[PDB]
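Alright, here's a single protein chain in two forms, structure 1 and structure 2, each given by itself as structure tokens.
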Structure 1
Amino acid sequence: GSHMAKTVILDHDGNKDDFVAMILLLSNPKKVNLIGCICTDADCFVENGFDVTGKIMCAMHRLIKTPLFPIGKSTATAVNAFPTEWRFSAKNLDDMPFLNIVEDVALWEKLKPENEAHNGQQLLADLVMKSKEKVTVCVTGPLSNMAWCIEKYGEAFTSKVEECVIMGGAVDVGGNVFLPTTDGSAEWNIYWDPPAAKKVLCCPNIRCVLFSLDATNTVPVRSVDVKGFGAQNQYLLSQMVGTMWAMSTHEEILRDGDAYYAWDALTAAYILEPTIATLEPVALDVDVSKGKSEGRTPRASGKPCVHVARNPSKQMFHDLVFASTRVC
């Protein structure tokens, strides 16, 4: 009652924080048996995110013998697209020396054609439904794949979900989608596909834990913390996460306080440490209009939709990330 790992699927969209989330889950096999990953063409170009997922999988398998697992490119399409500039980060990671260790590249090239054949939405449905135990789905991209599963299979899928831990939305704080067509009240993961997020977030048959901006604002990614990885540069996982975070520490300056946060990574951290945040049940009325408020997740004007994460512990997050990135 403590020695059995949770079965987990990571449903991501391939930016730096998604892969830090992936590394936190995969680096902790005592707690997490990662049985598959989905990548969506949202905050990455899916082929890049796909390759990076495969090569992280292969490196961890090489170093600490975590299992290999199916990886599937979702064919979900945007309602509203991410800024193209942000979506290149998976290509940069694909080219990094830590993701081009020769043994890792060889194994991934052997495994790629089989994973190529998967459709990511069907894979999420198949992995959950074929799992012996209930599965925790960690969603760090849009909710498009979860919605597709719910629509297609209803309770035959949702009854096999333990919980869905989700990075998305903004409840009692401002959004982070700043465009001439928007009011700034929406968060990006929701904005990408609002109807998907409405279908999932208020589906009565799943437990949704929601790491909204309310909580993710507590963990800015800053230089003074990032420099910490230097002391443990001999570990591949510190090189990876250290580099991933270092690639982002200027964004707060460049965008005038609109920081890069460890959004996805904190979300995944909850799976690893359930006491890192307290939960608050909330009813949500997800805005699916095509006005300026598109994508907003305001409290409904009302039975709870989601358990909203509150007051996350910066210190626990820090200790998990640094301990995890010393694993190998």
Structure 2
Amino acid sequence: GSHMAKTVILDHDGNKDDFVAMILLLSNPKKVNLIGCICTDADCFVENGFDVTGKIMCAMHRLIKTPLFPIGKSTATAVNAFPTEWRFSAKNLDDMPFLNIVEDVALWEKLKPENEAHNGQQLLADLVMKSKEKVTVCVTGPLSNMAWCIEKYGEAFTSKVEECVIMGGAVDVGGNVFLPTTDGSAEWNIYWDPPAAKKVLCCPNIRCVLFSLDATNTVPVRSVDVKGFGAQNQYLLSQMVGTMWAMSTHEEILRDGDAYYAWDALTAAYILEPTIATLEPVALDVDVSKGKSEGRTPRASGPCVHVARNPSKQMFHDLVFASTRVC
């Protein structure tokens, strides 16, 4: 819990909570050795999500001396794109004053070209396959990169994965994909690339921990708690996380307008503290059709993954607030 670090790669798609997840992982080097990040052109414009990833890496390196690591833009493309207005969030982040501290801009400008050479899917494969320790992959965007690696390399890749902790799906609760052509039963990360999700979630060669809407619905961050970051504004990570949650737009804001979803952050929190939730083994039948139920992750007839259940609000809160006083 403080004596040995897990080797971790973050496979993300650049929304505000992807970066909260990144900050939780990177701010806890006693627990997590972050050896790389992948960014997918899903809930962001990949150039923006890439730059924000880079600058956060640079800021942590400067402040707390966490190692620098390779970052790769995936070339995976969507089956179903995220709404364009949502994807702009990483551009907004890239313009934020806490992501434009002069040292971080200078270091990222220097490190950017070497990272631009990487292909994200290939980087994920290379980092896992060449690692001495088995690697924990945290997936907070769609499952396309994991799918590509499993398809290209099979057990040469999956044998080197410790576990895969994924944000996606909706098992016993409704989804969050509301479009003229959908029934509302699907979750967005799955919907973006349903065949990828089908390939990964039911891959018998990896241990998947799934943070579906079942778990994420129960742990919003209330406005009253987001305001708590103000007491820590002298810490860069509090300026970052407080702003990331305060910026919530569209369906990131719950019904009552006084709380926000924290989907990916809870997912990374599990890597820091596995007791934050109980796990249930579940067989899933991923809908890859073009019907209204496309992307649905219902229980199969007759396991694929271990679904997170009843996550601890207090543990989540305490972890996030401690992590964001790190620097």
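Quick note, the numbers are simply positions in structure 1, starting from 1. The term rigid core refers to the most C-alpha atoms you can superpose between the two forms while keeping them within 1.5 Å.
Core-superposed comparison between structures 1 and 2: among 182, 176, 232, 249, the single residue whose C-alpha moves by 2 Å or more is 249. Residue displacement note: residue 133 has its CA displaced by under 2 Å between structures 1 and 2 (rigid core superposed).
Residue 259 is among the residues whose C-alpha shifts by 2 Å or more between structures 1 and 2 once the rigid core is aligned. Lined up on the core, residue 115 has its CA atom moved by 0.2 Å between structures 1 and 2.
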